[PDB]
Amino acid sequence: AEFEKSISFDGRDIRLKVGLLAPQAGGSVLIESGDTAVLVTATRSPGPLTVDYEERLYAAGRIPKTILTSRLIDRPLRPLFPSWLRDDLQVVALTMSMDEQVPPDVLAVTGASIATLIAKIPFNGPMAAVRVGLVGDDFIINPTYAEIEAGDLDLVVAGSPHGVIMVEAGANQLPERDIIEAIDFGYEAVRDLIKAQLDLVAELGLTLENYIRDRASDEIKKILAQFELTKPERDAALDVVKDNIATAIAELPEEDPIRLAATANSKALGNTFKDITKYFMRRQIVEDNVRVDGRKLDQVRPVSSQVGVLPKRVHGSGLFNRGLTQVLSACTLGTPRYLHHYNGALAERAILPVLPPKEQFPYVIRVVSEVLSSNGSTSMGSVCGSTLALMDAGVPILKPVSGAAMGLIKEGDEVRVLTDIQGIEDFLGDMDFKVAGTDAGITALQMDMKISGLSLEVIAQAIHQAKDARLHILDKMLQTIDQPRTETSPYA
């Protein structure tokens, strides 16, 4: 049966209703704030985490960006479930009323944790998320739409007992110190929601691996230590290692036990393989101070760039290289905006603050980032190329924008922060942290983790190390083009 609980929370009460709706779900709540309401259920099934968010139109008046809010719920949820879970986990979040003030998206993130705790599914939570804006000089928790439209900051922080799990931000060239303060200010309200989820819990009363390891470990060390090897080559080399192991398992007959224990898991080969590769890259990074391609922990990959790659029809052309990550940006100017597709939100969030006001430049601006090769932050290459293409097209942008992605190896007390991560530094690492911006401050953020979280102290260090990467990449794209062209394209 139904139970309300109110939580006093920065002026806007957050109300939870359990026992009201979806009685066949593992756990459920109507989480409500003001007059915004979203229903969040969670169900473990025999079988793996599907999160569907719906924004109903009757919630505001029905007449004849949801996938982003789908990922916003999923990202901080995923790495809190134990890794050995193989049952199906269905999370549904339907927004059923929009108050013209309260945005529902952070409400659904918090409800997802609440609903998983009521379904008493093992996970290392609870988690919560808040939004932080900035009006004048005042940070504000869960601002309305009005402050989002008027203010200088729009960031989401999700955390848990073990720290911050997700950040997602737009900002108007905010300095690192204020971004760090906003993150910290918002993680403290996350903790206030962690408590009172813990209060709700109290209230309502809630063989083969060794085989592979021994055969393959000393082989993986050496590929990981071969710094002259490019990413394609090291991928073809680690594949051959795994292939010979498969051949050895195939050679022995059905009589051996591990062949049956391996035909009982047609994938364990890959999982243990990656886990051995993860371990040896990590020890390579923590004790030795070198990454898998020989670079220092602060070193940025070699950067290349050019302008006007395409004919002057394409109003703006820009090619960017970071190692084997390649992006070609194309700029179109039109008539009666500002948008950008990625074959996207992160880079238009990162470009917008420097786009000139309608008064000066009345074209509608259209940027397409063709990702032609991927090895790290293709979304940061998309930002960098976008700026180049806008400068080739004569768009009088305030400042050029650049960005890089940081990584993290966290081996106990040992913590290392990587700049401009290789793909497998992202796959076998603990953090994917994109930061974009200008000479003056930050414009866009995006953090994903595969562990239960990080302290704010380590986030501050990654944000400081990433300004150096952004500075180095930007101060070397200006050797391709230092100003926007004074004139536009004859076909613009």
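Numbering starts at 1 and runs along the sequence shown.
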| property | result |
| --- | --- |
| Count class of deposited residues lacking coordinates, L206 to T207 | 10 or more |
| Gap size between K65 and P64, counted in deposited residues that the entry leaves unmodelled | 10 or more |
| Higher-B stretch (mean Cα B-factor, as the entry records it), 270-278 or 119-127 | 270-278 |
| Residue range whose averaged C-alpha B-factor is higher in the record, 251-259 or 295-303 | 251-259 |
| From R71, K221, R322, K399, residue of greatest CA B-factor | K221 |
| C-alpha B-factor winner, where the candidates are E54, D35, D448, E457 | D35 |
| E181, C-alpha B-factor rank within chain (lowest, middle or highest third) | lowest |
| Entry-reported Cα temperature factor of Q24, expressed as the chain third it lands in | lowest |
| Where the record places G429 (Cα B-factor, split into thirds across the chain) | middle |
| Lowest, middle or highest third - CA B-factor, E414 | highest |
| Ranked C-alpha temperature factor of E287 among modelled chain residues, by third | highest |
